[PDB]
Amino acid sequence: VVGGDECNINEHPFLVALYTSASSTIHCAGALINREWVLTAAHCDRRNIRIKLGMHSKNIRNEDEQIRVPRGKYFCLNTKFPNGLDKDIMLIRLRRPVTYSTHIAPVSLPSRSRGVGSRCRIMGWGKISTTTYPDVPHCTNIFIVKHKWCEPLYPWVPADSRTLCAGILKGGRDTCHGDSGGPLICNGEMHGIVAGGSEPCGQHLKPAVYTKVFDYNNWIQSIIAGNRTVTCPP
């Protein structure tokens, strides 16, 4: 994330970090949903995902840090593009659950649908300048801007797709490489999964795309419950 600071150590207990069995670099984040389920971006998928929960600093371990691996991964299959980017979202089922604690806590799924001009916060362990990865997660605040801004810049995001266009129109504040799959939090609920935006990050007049979690609420809840024939919202 760019144009923000270190996150308060207790503000991100649902933030999980994704890296691969082969590499220690965080390639994406995600959100803990209940003891056994993480929500994240489809393009974050890889062959041997590892998930670190209850982390803040890459270097100073926490009491309650946990490493997990996937047992199930679940996608939208009815997507407007073969690569599935128009609907960048995925659910992972953890091999063993976790137990909650100060730094491990389920985020809250939206309840009402919130829109343009709301105040939202972004977090993650992705890039903070031109080529640096911070060792602690950074956070800042953005707003939902009007979709119009995103459409023209991102083909994979058609008009009236299920996304929130968000950022700071003037530059400085935005997510970046490696933030994918991390929550966009508004009124203490996850309204957003980081999908993408422009490279380099936070450039003038160039908001980013967040999968509108609220739309997938039912899809998410069937998937959790055990249903395997359910489809993503059209």
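In case it trips you up, residue 1 is the first one in the sequence shown, and so on.
Comparing the deposited coordinates for 177-185 and 22-30, the stretch with the larger average C-alpha B-factor is 22-30. The PDB entry records a higher mean C-alpha B factor for 121-129 than for its counterpart among 84-92 and 121-129. For the set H204, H191, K52, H56, the PDB entry assigns the largest Cα B-factor to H204. Per the PDB entry, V116 shows the highest C-alpha temperature factor of the residues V116, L77, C139, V136. Looking at the C-alpha B-factors along this chain, the one for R71 belongs to the middle third.
Among all modelled residues in its chain, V38 ranks in the lowest third by Cα B-factor.
When all modelled residues of the chain are sorted by CA temperature factor, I60 is found within the highest third.
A195: CA B factor in the lowest third of modelled residues in this chain (values from the PDB entry). The entry lists a Cα temperature factor for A166 that places it in the middle third of the chain's modelled residues.
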